[PDB]
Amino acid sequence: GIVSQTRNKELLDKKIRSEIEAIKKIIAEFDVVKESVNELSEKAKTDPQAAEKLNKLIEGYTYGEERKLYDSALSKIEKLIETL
């Protein structure tokens, strides 16, 4: 019925809007990740345990898992824009 349909469209819309804010928030929290990563650098200056961590991270974000996760999310968003 018309009413059920409207209720469902409202649900979806709200659900979608939440997913948008959640993502926008996750993106913001990444500045903490930024700060943390720079701190890891400073510690890498003197500590080689830190240096090894950093390099692992760098490789991860360039051709590793992090980069793939990243490309995955980005392409899904591009797919969404696509269908619009």
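From 1 onward, residues are counted along the sequence shown.
**Study point:** Higher-B stretch (mean Cα B-factor, as the entry records it), 22-30 or 39-47
**Key:** Averaging CA B-factors over each stretch, the winner is 39-47.
Exercise for review: Looking at the entry's B-factor column for C-alpha atoms only, identify whether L84 ranks in the lowest, middle or highest third of its chain.
Suggested key: Its C-alpha B-factor belongs to the highest third of this chain's values.
Exercise for review: Select lowest, middle or highest to describe the third in which the CA B-factor of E65 falls within its chain in this entry.
Suggested key: Within its chain, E65 is a middle-third residue by C-alpha B-factor, going by the deposited values.
Review point. Which third of the chain holds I16 when residues are ordered by C-alpha B factor: lowest, middle or highest?
Key: Answer is middle: the recorded C-alpha B-factor places it there.
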